[PDB]
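Read the structure below first, then the notes.
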Amino acid sequence: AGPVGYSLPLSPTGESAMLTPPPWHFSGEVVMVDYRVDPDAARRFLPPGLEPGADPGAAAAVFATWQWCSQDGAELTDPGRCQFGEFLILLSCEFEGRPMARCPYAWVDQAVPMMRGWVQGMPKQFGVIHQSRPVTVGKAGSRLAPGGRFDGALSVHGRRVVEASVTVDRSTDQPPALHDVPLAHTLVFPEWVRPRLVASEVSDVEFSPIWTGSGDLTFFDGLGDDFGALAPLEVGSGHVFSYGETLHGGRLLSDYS
Amino acid sequence: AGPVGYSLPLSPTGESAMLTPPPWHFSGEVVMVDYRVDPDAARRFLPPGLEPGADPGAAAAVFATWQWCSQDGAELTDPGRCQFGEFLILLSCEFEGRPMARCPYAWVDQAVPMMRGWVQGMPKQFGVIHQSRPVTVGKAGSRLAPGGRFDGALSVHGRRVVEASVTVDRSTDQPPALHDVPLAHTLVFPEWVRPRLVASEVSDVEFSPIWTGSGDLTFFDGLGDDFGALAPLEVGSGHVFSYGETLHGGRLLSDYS
Amino acid sequence: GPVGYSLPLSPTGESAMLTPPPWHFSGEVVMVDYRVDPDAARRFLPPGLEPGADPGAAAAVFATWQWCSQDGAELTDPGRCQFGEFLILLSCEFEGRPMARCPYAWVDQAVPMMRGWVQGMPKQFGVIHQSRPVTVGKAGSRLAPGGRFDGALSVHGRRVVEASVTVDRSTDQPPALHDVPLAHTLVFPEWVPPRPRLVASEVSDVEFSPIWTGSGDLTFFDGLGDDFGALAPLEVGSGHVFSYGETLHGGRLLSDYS
Amino acid sequence: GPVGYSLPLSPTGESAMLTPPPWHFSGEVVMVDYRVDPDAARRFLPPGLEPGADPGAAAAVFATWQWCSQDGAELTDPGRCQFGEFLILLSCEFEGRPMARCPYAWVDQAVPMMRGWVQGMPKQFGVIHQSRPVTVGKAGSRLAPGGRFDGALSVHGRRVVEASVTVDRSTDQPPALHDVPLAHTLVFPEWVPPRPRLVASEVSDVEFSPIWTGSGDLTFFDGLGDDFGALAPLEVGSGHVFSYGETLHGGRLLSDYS
């Protein structure tokens, strides 16, 4: 009885909900830089149940642009509804001996993806996110080929947060490690009037060939010392590739009870 | 142990959270139109526990622009962080004989207010929201005085949803009824791996003198038949005024258990 | 005194909003050919521009671009070098030679908008969305038979145009209206109390990818006035999805009406 | 052929992005007076514009505006008639008479931006935020002693200027640089292979509210180049918060350098 829906707003038929129930399909383009983080700083961002990664200092800065849709594909016919840009930080960790990634910070530039992020425990905030695109004709850009350069930038509240650059020098069939492991999130929502460690369950994960080369990464101040603690000590390889996956729901790792 | 925060993202000191804990202060400018809704349609948007209003057909369309801050006032020094625009629909209802308002739909144009809305059970989505401002010098606008006209508009996904207009003809000290009663929301968040009816508890509610006159309201298609069921049968008086309140937290009306 | 290719002037010239040409462009296009009322089209042609050998041929063109100056500097800041665009093209001729007239265009960045007016190209501001091909996963279409691509323009929070293309084959035949000179009217409003010039944009190094062609669909909406509405499609033809590059060098005078 | 006050031309003239003047403006201003290096300021003055009786006087000006044409039509669509602005003013004189030079301005809507260039006003695009007075509740400042008001400009996702004013009294003395003619350089880039004109914006019905004045604070950031940076404050003076109206009619020629 009364109005219903997968999410707010509730409505008599359920059609009004901002979010659709999973599964959701994603197809995107990524510009990523591997980097070295202070392992002791990283540890502070891992909740109970998540241990330091096998390489505790391994981190990544990830820019992506996405199209997404529900099972029926309906969103694809309206490009404004199905596209968004994203930046995230990944930290290496483990759950019961199994490699995973912790995402301590993420930004996107559309509201549906942001809220859907919180549904999963992924800590998405809003930002302005730009990313180079490969070209195949003309001179105004870079090709996916040796010598090709690609850049990403994130600003929040009108100031810069991260800039990244990659100049690729070869193609491989080796997915970057932090982009090829489960993400372990903390599901929690502010009390108005019981956090859980969850993994996002995915299927049909697909990578294009990976273009790899030099990486560059600059973090800026503004977001606070907690975020700055994760700035790079050293910057590693950059990677440019296409990525797809289907996201089904959450798997409980720990109730803490 | 591990990272903490009022909300995501969690961080070692808690400083990174997107949201600050309540209370939050609001100061805004409102352009509102009273209207008559199909009472039977309205009833479908009321969850168990909420009965039809004493005047079941009374509704309102409300445009507002706001500044807000936490108790320490910190957000006020960065206008980009403390301002947002909003449009909402209000329906008249009652909880145990006491008049309240149900907000079945709301839109805002900033991410913090949107998420904070879901914390309260208020069904905020994202939109583009415009609203006339009174002027006191020159000719390019209307004064808060007899004959003054004020307009509001909401577009979502690049198409119009609502347009409203008010031409004021007198000032009163009578707050519009639907803007002077508690809001009863449904607190619910999508399951990833138990709705509650709550009232938002407010204090220090303050209205300027109310400028009242003719109202006009146009709803457009696009958002679905559920939303369209709430379009006006007849349009009543418009009101232009300033409003302040302090929002403290939620009060449980019903657990349904 | 201060100098610059454009405003703002500054002591070294570095502050100018616009850089001098040439400028390079690399874009992704979703285009639909259509039939326009020939009488309506004629009314948008200024003196010197005559009706096309096919007076009713028109096109609706969505594109996303990267651009840069000769030194390539803008490319390192994606926010500075990218923009989206929608434009209408009408078939015409000047002194016996086929050209295209752009009576309306919209973009979503200020530099391209002003640079348009420098050329006589009538760019206004809008919100412009366009599907992108995907190569992995399920959330999109491949550039392959059956792939669908959509475009939308809204202005002042209202729909103006929606277009869609479902491609069915690849060709090496660039769409006619996208492979002729554009003839613009270079004119600026008089601020201190005329003198329009008909000018063509001079381009080099024009390049097309293979052209994916199929069915086209186009819908115009009301709101922008009866003048724009007069160019609404009577019938909709083929759609095309392709990549495009050119270098834009400056203008050449077609007529100054002297 | 098609006509219009500005592009796009159309059969009836209705499609033009800009309407002819006069245009009315009603705005809310947060302004900070400051001291600029006089040598730096001189380098931004074109021929005919000479240093101010006080060469070092400058101002940083945040404003939010509504505007409309003579018929008032734009007022009914708030999205069409509103914009935000930040500008720098420098003190100067022309033929012995005090004026202001605006070497840099930013706005957040396309119509005002293009209309600026029509006048020779060097408007670019930016993100501009400004505090608003409140009259109820606790989330803001009143226009009263102790009230604080802030402004910020970011361009390409980087800070450019932050300003703040804490007012302590009301006066009937309009800020000097906001109460003189603006002398602009009307010039457009040559597209077909000069001829700048020094022009003043002709205004009438200038009106100020009472002026709330107090302490001023101003911070410039790097990023826009050494040319803009040269106008950074050496010292910051008084701040002012007030409402402003004017009607802008057209341009008058100061010099065409012939």
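Identifiers in this document derive from the order of the structure tokens: chains are assigned A, B, ..., residues are numbered from 1 separately in each chain, and ligands are numbered from 1 in order of occurrence.
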Query raised in the report: Where does DSSP see strand (DSSP E) in stretch 124-184 of chain B, if you list the residues as a PyMOL selection string?
Result: chain B and resi 124-126+128-131+149-156+159-172+184
Could you list, as an mmCIF file with C-alpha atoms, in the first residue's frame, every residue within 8 Å of residue A:61, counting only C-alpha atoms and ignoring same-chain residues fewer than 4 positions away?
```
data_model
loop_
_atom_site.group_PDB
_atom_site.id
_atom_site.type_symbol
_atom_site.label_atom_id
_atom_site.label_comp_id
_atom_site.auth_asym_id
_atom_site.auth_seq_id
_atom_site.Cartn_x
_atom_site.Cartn_y
_atom_site.Cartn_z
ATOM 1 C CA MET A 32 45.009 5.949 -15.286
ATOM 2 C CA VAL A 33 48.301 6.530 -13.488
ATOM 3 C CA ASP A 34 49.885 4.055 -11.088
ATOM 4 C CA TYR A 35 51.643 5.668 -8.139
ATOM 5 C CA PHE A 87 37.891 10.537 -11.046
ATOM 6 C CA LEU A 88 38.860 8.132 -8.298
ATOM 7 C CA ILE A 89 41.717 7.068 -6.073
ATOM 8 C CA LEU A 90 42.393 3.346 -5.571
ATOM 9 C CA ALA A 164 47.310 13.595 -14.615
#
```
**Report entry** chain D residues near chain C (6 Å cut-off, only C-alpha atoms) as a PyMOL selection string
**Finding:** chain D and resi 1-2+6-8+10-11+43-44+46+122+189+191-192+250-252
Would you export the selected residues with N, CA and C atoms as a compact mmCIF listing (two decimals), in the first residue's frame, please?
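Result file is out_6.txt:
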```
# COMPACT_ATOMS: atom_id res chain seq x y z
N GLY D 1 17.14 40.10 -48.44
CA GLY D 1 17.83 38.98 -47.82
C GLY D 1 17.52 38.97 -46.33
N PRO D 2 18.03 37.97 -45.58
CA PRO D 2 17.76 37.99 -44.13
C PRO D 2 18.41 39.16 -43.42
N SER D 6 21.88 41.54 -35.09
CA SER D 6 23.09 40.74 -35.02
C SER D 6 22.84 39.37 -35.65
N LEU D 7 23.89 38.57 -35.77
CA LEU D 7 23.74 37.16 -36.15
C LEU D 7 22.87 36.46 -35.10
N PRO D 8 22.18 35.37 -35.48
CA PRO D 8 21.95 34.88 -36.84
C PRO D 8 20.96 35.81 -37.56
N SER D 10 17.88 36.55 -40.15
CA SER D 10 16.68 35.76 -40.46
C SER D 10 15.69 36.62 -41.23
N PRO D 11 14.72 35.98 -41.90
CA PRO D 11 13.82 36.76 -42.76
C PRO D 11 13.13 37.91 -42.05
N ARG D 43 50.43 50.71 -18.97
CA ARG D 43 50.65 49.80 -20.08
C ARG D 43 49.37 49.18 -20.64
N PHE D 44 48.28 49.24 -19.87
CA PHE D 44 46.98 48.77 -20.36
C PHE D 44 46.15 49.89 -20.99
N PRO D 46 45.27 52.38 -23.92
CA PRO D 46 45.59 52.66 -25.33
C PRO D 46 45.79 54.14 -25.61
N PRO D 122 35.99 43.86 -22.83
CA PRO D 122 36.74 42.63 -23.06
C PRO D 122 36.27 41.43 -22.20
N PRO D 189 38.73 40.91 -34.57
CA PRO D 189 39.89 40.35 -35.27
C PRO D 189 39.67 40.38 -36.78
N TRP D 191 39.55 38.86 -40.19
CA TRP D 191 39.32 37.54 -40.74
C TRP D 191 39.72 37.52 -42.22
N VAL D 192 39.30 38.56 -42.93
CA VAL D 192 39.78 38.77 -44.32
C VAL D 192 40.90 39.80 -44.33
N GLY D 250 24.11 53.08 -26.38
CA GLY D 250 24.93 52.95 -27.57
C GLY D 250 26.27 53.55 -27.27
N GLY D 251 27.09 53.69 -28.30
CA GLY D 251 28.44 54.14 -28.11
C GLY D 251 28.60 55.56 -28.62
N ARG D 252 29.57 56.26 -28.07
CA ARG D 252 30.00 57.52 -28.65
C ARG D 252 31.51 57.48 -28.93
```
Query raised in the report: chain B residues within 10 Å of chain D, counting only C-alpha atoms: which ones, as a VMD selection string?
Result: chain B and resid 24 to 29 66 to 71 73 75 to 83 128 to 142 149 to 153 163 165 204 to 208 242 to 246
Write the residues of the preceding selection, restricted to N, CA and C atoms, as a short mmCIF file (atom, residue, chain, number, x, y, z; two decimals), in the first residue's frame.
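And here's again-v8.cif as it stands now:
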```
data_model
loop_
_atom_site.label_atom_id
_atom_site.label_comp_id
_atom_site.auth_asym_id
_atom_site.auth_seq_id
_atom_site.Cartn_x
_atom_site.Cartn_y
_atom_site.Cartn_z
N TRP B 24 21.48 22.52 10.74
CA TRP B 24 21.83 23.41 9.64
C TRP B 24 20.86 24.59 9.61
N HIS B 25 21.37 25.79 9.32
CA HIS B 25 20.54 26.99 9.23
C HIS B 25 20.24 27.31 7.75
N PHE B 26 19.00 27.73 7.48
CA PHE B 26 18.60 28.15 6.13
C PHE B 26 17.99 29.55 6.13
N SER B 27 18.34 30.32 5.10
CA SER B 27 17.77 31.63 4.84
C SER B 27 17.49 31.72 3.35
N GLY B 28 16.23 31.89 2.97
CA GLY B 28 15.92 31.86 1.54
C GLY B 28 14.87 32.84 1.08
N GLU B 29 14.65 32.85 -0.24
CA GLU B 29 13.66 33.69 -0.92
C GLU B 29 12.75 32.75 -1.72
N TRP B 66 18.29 29.50 -1.74
CA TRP B 66 18.71 29.39 -0.34
C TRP B 66 20.18 29.71 -0.16
N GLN B 67 20.50 30.28 1.01
CA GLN B 67 21.82 30.09 1.61
C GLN B 67 21.65 29.20 2.84
N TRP B 68 22.64 28.35 3.12
CA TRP B 68 22.60 27.49 4.30
C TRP B 68 23.98 27.43 4.93
N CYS B 69 24.04 27.06 6.20
CA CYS B 69 25.31 26.75 6.85
C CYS B 69 25.14 25.85 8.07
N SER B 70 26.26 25.31 8.53
CA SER B 70 26.30 24.56 9.77
C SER B 70 26.36 25.51 10.95
N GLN B 71 26.41 24.98 12.17
CA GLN B 71 26.36 25.82 13.35
C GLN B 71 27.51 26.82 13.36
N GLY B 73 28.90 28.36 10.90
CA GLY B 73 28.81 29.40 9.88
C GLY B 73 29.88 29.31 8.80
N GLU B 75 30.47 27.70 6.05
CA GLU B 75 30.16 27.64 4.62
C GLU B 75 29.84 29.02 4.04
N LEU B 76 29.41 29.97 4.88
CA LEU B 76 28.94 31.27 4.38
C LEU B 76 30.01 32.07 3.66
N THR B 77 31.29 31.83 3.96
CA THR B 77 32.37 32.62 3.38
C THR B 77 32.72 32.22 1.96
N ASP B 78 32.12 31.13 1.49
CA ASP B 78 32.31 30.65 0.12
C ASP B 78 30.91 30.51 -0.50
N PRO B 79 30.45 31.57 -1.18
CA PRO B 79 29.08 31.59 -1.71
C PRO B 79 28.75 30.40 -2.59
N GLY B 80 29.73 29.91 -3.33
CA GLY B 80 29.49 28.75 -4.17
C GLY B 80 29.16 27.49 -3.37
N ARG B 81 29.62 27.41 -2.12
CA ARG B 81 29.39 26.23 -1.31
C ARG B 81 28.09 26.28 -0.53
N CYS B 82 27.54 27.48 -0.33
CA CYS B 82 26.42 27.63 0.59
C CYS B 82 25.10 28.00 -0.06
N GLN B 83 25.08 28.07 -1.39
CA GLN B 83 23.86 28.47 -2.09
C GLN B 83 23.31 27.33 -2.92
N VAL B 128 17.54 22.13 -13.31
CA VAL B 128 17.96 23.50 -13.60
C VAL B 128 16.78 24.39 -13.22
N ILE B 129 17.05 25.32 -12.31
CA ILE B 129 16.02 26.03 -11.59
C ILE B 129 16.31 27.52 -11.63
N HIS B 130 15.36 28.28 -12.14
CA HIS B 130 15.51 29.72 -12.24
C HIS B 130 14.39 30.46 -11.53
N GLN B 131 14.71 31.64 -11.04
CA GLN B 131 13.75 32.37 -10.21
C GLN B 131 14.06 33.86 -10.28
N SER B 132 13.02 34.66 -10.49
CA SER B 132 13.17 36.12 -10.52
C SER B 132 13.62 36.66 -9.18
N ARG B 133 14.40 37.73 -9.23
CA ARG B 133 14.77 38.44 -8.01
C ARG B 133 14.18 39.85 -8.00
N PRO B 134 13.70 40.32 -6.84
CA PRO B 134 13.25 41.70 -6.74
C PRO B 134 14.42 42.63 -6.93
N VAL B 135 14.15 43.80 -7.50
CA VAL B 135 15.15 44.84 -7.64
C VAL B 135 14.71 46.05 -6.82
N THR B 136 15.66 46.93 -6.49
CA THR B 136 15.33 48.15 -5.76
C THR B 136 15.83 49.40 -6.47
N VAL B 137 16.58 49.23 -7.56
CA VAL B 137 17.03 50.39 -8.34
C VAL B 137 16.93 49.99 -9.82
N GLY B 138 16.70 50.97 -10.68
CA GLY B 138 16.64 50.70 -12.10
C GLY B 138 15.31 50.14 -12.53
N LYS B 139 15.25 49.68 -13.78
CA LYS B 139 14.02 49.30 -14.43
C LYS B 139 13.98 47.83 -14.81
N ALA B 140 15.10 47.14 -14.65
CA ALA B 140 15.20 45.77 -15.14
C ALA B 140 14.75 44.76 -14.10
N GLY B 141 13.48 44.87 -13.73
CA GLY B 141 12.88 43.91 -12.82
C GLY B 141 11.70 44.52 -12.11
N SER B 142 11.21 43.80 -11.11
CA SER B 142 10.05 44.19 -10.35
C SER B 142 10.43 44.47 -8.91
N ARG B 149 5.85 41.51 -10.60
CA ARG B 149 5.77 40.15 -11.14
C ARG B 149 7.05 39.37 -10.89
N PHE B 150 6.88 38.10 -10.52
CA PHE B 150 7.99 37.18 -10.26
C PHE B 150 7.70 35.83 -10.88
N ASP B 151 8.71 35.24 -11.52
CA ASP B 151 8.57 33.98 -12.24
C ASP B 151 9.56 32.93 -11.73
N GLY B 152 9.19 31.66 -11.92
CA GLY B 152 10.10 30.56 -11.65
C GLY B 152 10.00 29.54 -12.77
N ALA B 153 11.08 28.79 -13.01
CA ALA B 153 11.06 27.75 -14.03
C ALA B 153 11.96 26.61 -13.62
N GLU B 163 6.48 25.88 -14.98
CA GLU B 163 6.66 27.33 -15.00
C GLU B 163 5.62 27.92 -14.07
N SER B 165 4.22 31.82 -12.16
CA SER B 165 4.30 33.27 -12.12
C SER B 165 3.40 33.80 -11.04
N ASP B 204 13.09 28.07 15.22
CA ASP B 204 13.42 29.41 14.75
C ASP B 204 12.89 29.67 13.34
N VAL B 205 11.67 29.21 13.08
CA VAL B 205 11.02 29.48 11.81
C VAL B 205 10.65 30.97 11.71
N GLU B 206 10.98 31.60 10.59
CA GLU B 206 10.78 33.03 10.44
C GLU B 206 10.31 33.37 9.00
N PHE B 207 9.26 34.17 8.89
CA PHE B 207 8.79 34.68 7.60
C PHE B 207 8.91 36.21 7.57
N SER B 208 9.31 36.77 6.42
CA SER B 208 9.11 38.20 6.15
C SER B 208 7.61 38.44 5.93
N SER B 242 10.42 35.97 2.12
CA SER B 242 11.67 35.40 2.63
C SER B 242 11.37 34.45 3.80
N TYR B 243 12.19 33.41 3.94
CA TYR B 243 11.95 32.36 4.92
C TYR B 243 13.24 31.90 5.55
N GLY B 244 13.22 31.70 6.86
CA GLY B 244 14.35 31.09 7.55
C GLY B 244 13.94 29.97 8.49
N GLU B 245 14.84 29.01 8.70
CA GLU B 245 14.60 27.97 9.71
C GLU B 245 15.90 27.29 10.07
N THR B 246 15.88 26.60 11.21
CA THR B 246 16.97 25.73 11.62
C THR B 246 16.45 24.29 11.65
#
```
Query raised in the report: For chain A against chain B, which residues fall within 8 Å using only C-alpha atoms, given as a PyMOL selection string?
Result: chain A and resi 1-3+6-13+15-16+18+44-48+80-81+104-105+111+115+118-126+157+188-193+198+223-224+226-227+249-252
Report task. Excluding residue A:58 and any residue of its chain fewer than 4 positions from it, enumerate the residues within 8 Å of it, using only C-alpha atoms, and give them as a list in words. Result -> residues 34, 35, 36, 37, 53, 91 and 92 of chain A
Save out the residues we just selected, C-alpha atoms, as a PDB file, in the first residue's frame.
```pdb
ATOM      1  CA  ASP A  34      49.885   4.055 -11.088  1.00  0.00           C
ATOM      2  CA  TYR A  35      51.643   5.668  -8.139  1.00  0.00           C
ATOM      3  CA  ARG A  36      53.371   5.093  -4.824  1.00  0.00           C
ATOM      4  CA  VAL A  37      51.566   6.178  -1.682  1.00  0.00           C
ATOM      5  CA  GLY A  53      47.774  -4.846   0.123  1.00  0.00           C
ATOM      6  CA  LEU A  91      44.430   1.772  -2.730  1.00  0.00           C
ATOM      7  CA  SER A  92      45.661  -1.808  -2.692  1.00  0.00           C
TER       8      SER A  92
END
```
Report task. Would you mind reading off the distance between atom CA of residue A:182 and atom CA of residue A:232, one decimal, in Å? Result ->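 Separating atom CA of residue A:182 from atom CA of residue A:232 is a distance of 22.7 Å.
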Report task. Write out as a PyMOL selection string which residues come within 9 Å of residue A:222 when counting only C-alpha atoms, dropping same-chain ones fewer than 3 positions away. Result -> chain A and resi 156+159-161+225+228
Could you take the residues named above and write them with C-alpha atoms, as a PDB file, in the first residue's frame?
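Output saved as selection35.pdb:
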```
ATOM      1  CA  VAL A 156      36.170  20.965  -7.067  1.00  0.00           C
ATOM      2  CA  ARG A 159      40.005  24.940  -7.700  1.00  0.00           C
ATOM      3  CA  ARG A 160      42.223  22.179  -8.947  1.00  0.00           C
ATOM      4  CA  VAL A 161      42.473  18.880  -7.122  1.00  0.00           C
ATOM      5  CA  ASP A 225      45.189  17.111   5.138  1.00  0.00           C
ATOM      6  CA  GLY A 228      46.667  15.172   0.974  1.00  0.00           C
TER       7      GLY A 228
END
```
Run DSSP on the backbone of this structure and report the residues of stretch 37-247 of chain A it assigns to alpha helix (DSSP H), as a PDB file with N, CA, C and O atoms, in the first residue's frame.
```pdb
ATOM      1  N   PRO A  39      52.450   4.094   2.745  1.00  0.00           N
ATOM      2  CA  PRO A  39      51.631   2.933   3.127  1.00  0.00           C
ATOM      3  C   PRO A  39      50.951   3.115   4.480  1.00  0.00           C
ATOM      4  O   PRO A  39      49.891   2.547   4.749  1.00  0.00           O
ATOM      5  N   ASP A  40      51.578   3.900   5.343  1.00  0.00           N
ATOM      6  CA  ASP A  40      51.022   4.121   6.668  1.00  0.00           C
ATOM      7  C   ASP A  40      49.810   5.036   6.604  1.00  0.00           C
ATOM      8  O   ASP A  40      48.861   4.863   7.370  1.00  0.00           O
ATOM      9  N   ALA A  41      49.834   5.993   5.680  1.00  0.00           N
ATOM     10  CA  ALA A  41      48.666   6.848   5.440  1.00  0.00           C
ATOM     11  C   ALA A  41      47.520   6.035   4.864  1.00  0.00           C
ATOM     12  O   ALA A  41      46.380   6.146   5.318  1.00  0.00           O
ATOM     13  N   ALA A  42      47.824   5.236   3.848  1.00  0.00           N
ATOM     14  CA  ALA A  42      46.834   4.365   3.235  1.00  0.00           C
ATOM     15  C   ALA A  42      46.151   3.461   4.265  1.00  0.00           C
ATOM     16  O   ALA A  42      44.930   3.276   4.219  1.00  0.00           O
ATOM     17  N   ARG A  43      46.919   2.912   5.198  1.00  0.00           N
ATOM     18  CA  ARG A  43      46.349   2.001   6.183  1.00  0.00           C
ATOM     19  C   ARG A  43      45.214   2.642   6.983  1.00  0.00           C
ATOM     20  O   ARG A  43      44.269   1.952   7.358  1.00  0.00           O
ATOM     21  N   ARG A  44      45.312   3.949   7.237  1.00  0.00           N
ATOM     22  CA  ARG A  44      44.314   4.665   8.034  1.00  0.00           C
ATOM     23  C   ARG A  44      42.964   4.726   7.294  1.00  0.00           C
ATOM     24  O   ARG A  44      41.921   4.955   7.916  1.00  0.00           O
ATOM     25  N   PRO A  79      21.634  10.558 -24.726  1.00  0.00           N
ATOM     26  CA  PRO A  79      23.038  10.638 -24.306  1.00  0.00           C
ATOM     27  C   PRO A  79      23.240  11.452 -23.041  1.00  0.00           C
ATOM     28  O   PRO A  79      24.079  11.102 -22.210  1.00  0.00           O
ATOM     29  N   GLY A  80      22.441  12.485 -22.853  1.00  0.00           N
ATOM     30  CA  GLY A  80      22.559  13.284 -21.644  1.00  0.00           C
ATOM     31  C   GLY A  80      22.232  12.496 -20.377  1.00  0.00           C
ATOM     32  O   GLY A  80      22.759  12.812 -19.305  1.00  0.00           O
ATOM     33  N   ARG A  81      21.408  11.454 -20.483  1.00  0.00           N
ATOM     34  CA  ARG A  81      21.004  10.689 -19.318  1.00  0.00           C
ATOM     35  C   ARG A  81      21.948   9.549 -19.001  1.00  0.00           C
ATOM     36  O   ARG A  81      21.942   9.070 -17.877  1.00  0.00           O
ATOM     37  N   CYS A  82      22.751   9.114 -19.978  1.00  0.00           N
ATOM     38  CA  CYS A  82      23.523   7.896 -19.806  1.00  0.00           C
ATOM     39  C   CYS A  82      25.021   8.093 -19.729  1.00  0.00           C
ATOM     40  O   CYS A  82      25.750   7.129 -19.618  1.00  0.00           O
ATOM     41  N   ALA A 111      24.318  13.532 -11.213  1.00  0.00           N
ATOM     42  CA  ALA A 111      23.666  13.207  -9.944  1.00  0.00           C
ATOM     43  C   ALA A 111      23.240  11.734  -9.819  1.00  0.00           C
ATOM     44  O   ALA A 111      23.344  11.160  -8.738  1.00  0.00           O
ATOM     45  N   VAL A 112      22.721  11.137 -10.885  1.00  0.00           N
ATOM     46  CA  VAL A 112      22.309   9.721 -10.779  1.00  0.00           C
ATOM     47  C   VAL A 112      23.493   8.828 -10.398  1.00  0.00           C
ATOM     48  O   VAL A 112      23.427   8.067  -9.415  1.00  0.00           O
ATOM     49  N   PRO A 113      24.596   8.907 -11.155  1.00  0.00           N
ATOM     50  CA  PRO A 113      25.772   8.125 -10.734  1.00  0.00           C
ATOM     51  C   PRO A 113      26.253   8.422  -9.305  1.00  0.00           C
ATOM     52  O   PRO A 113      26.734   7.510  -8.585  1.00  0.00           O
ATOM     53  N   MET A 114      26.152   9.676  -8.871  1.00  0.00           N
ATOM     54  CA  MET A 114      26.608  10.001  -7.532  1.00  0.00           C
ATOM     55  C   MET A 114      25.804   9.244  -6.469  1.00  0.00           C
ATOM     56  O   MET A 114      26.366   8.596  -5.586  1.00  0.00           O
ATOM     57  N   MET A 115      24.481   9.327  -6.563  1.00  0.00           N
ATOM     58  CA  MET A 115      23.610   8.690  -5.590  1.00  0.00           C
ATOM     59  C   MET A 115      23.765   7.184  -5.663  1.00  0.00           C
ATOM     60  O   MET A 115      23.802   6.491  -4.634  1.00  0.00           O
ATOM     61  N   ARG A 116      23.838   6.678  -6.886  1.00  0.00           N
ATOM     62  CA  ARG A 116      23.986   5.240  -7.098  1.00  0.00           C
ATOM     63  C   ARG A 116      25.286   4.783  -6.456  1.00  0.00           C
ATOM     64  O   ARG A 116      25.402   3.656  -5.970  1.00  0.00           O
ATOM     65  N   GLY A 117      26.282   5.662  -6.454  1.00  0.00           N
ATOM     66  CA  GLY A 117      27.530   5.386  -5.757  1.00  0.00           C
ATOM     67  C   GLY A 117      27.308   5.147  -4.277  1.00  0.00           C
ATOM     68  O   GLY A 117      27.770   4.130  -3.691  1.00  0.00           O
ATOM     69  N   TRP A 118      26.576   6.049  -3.637  1.00  0.00           N
ATOM     70  CA  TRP A 118      26.328   5.865  -2.195  1.00  0.00           C
ATOM     71  C   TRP A 118      25.542   4.585  -1.903  1.00  0.00           C
ATOM     72  O   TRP A 118      25.786   3.914  -0.891  1.00  0.00           O
ATOM     73  N   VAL A 119      24.649   4.193  -2.803  1.00  0.00           N
ATOM     74  CA  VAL A 119      23.942   2.913  -2.664  1.00  0.00           C
ATOM     75  C   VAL A 119      24.938   1.746  -2.496  1.00  0.00           C
ATOM     76  O   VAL A 119      24.669   0.795  -1.766  1.00  0.00           O
ATOM     77  N   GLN A 120      26.090   1.839  -3.160  1.00  0.00           N
ATOM     78  CA  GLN A 120      27.115   0.779  -3.155  1.00  0.00           C
ATOM     79  C   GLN A 120      28.163   0.963  -2.057  1.00  0.00           C
ATOM     80  O   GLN A 120      29.035   0.105  -1.862  1.00  0.00           O
ATOM     81  N   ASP A 225      43.995  17.899   4.902  1.00  0.00           N
ATOM     82  CA  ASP A 225      45.189  17.111   5.138  1.00  0.00           C
ATOM     83  C   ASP A 225      44.932  15.614   5.016  1.00  0.00           C
ATOM     84  O   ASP A 225      45.864  14.855   4.738  1.00  0.00           O
ATOM     85  N   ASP A 226      43.692  15.180   5.248  1.00  0.00           N
ATOM     86  CA  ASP A 226      43.378  13.748   5.168  1.00  0.00           C
ATOM     87  C   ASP A 226      43.561  13.248   3.740  1.00  0.00           C
ATOM     88  O   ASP A 226      44.138  12.184   3.506  1.00  0.00           O
ATOM     89  N   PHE A 227      43.062  14.028   2.788  1.00  0.00           N
ATOM     90  CA  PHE A 227      43.186  13.690   1.377  1.00  0.00           C
ATOM     91  C   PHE A 227      44.635  13.824   0.936  1.00  0.00           C
ATOM     92  O   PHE A 227      45.146  12.964   0.230  1.00  0.00           O
ATOM     93  N   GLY A 228      45.302  14.892   1.381  1.00  0.00           N
ATOM     94  CA  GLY A 228      46.667  15.172   0.974  1.00  0.00           C
ATOM     95  C   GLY A 228      47.643  14.095   1.431  1.00  0.00           C
ATOM     96  O   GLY A 228      48.710  13.924   0.845  1.00  0.00           O
TER      97      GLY A 228
END
```
Report summary line: Students should find that atom CA of residue C:59 and atom CA of residue C:144 are spaced 22.3 Å
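Counting from atom CA of residue D:218, the distance to atom CA of residue D:94 is 28.2 Å.
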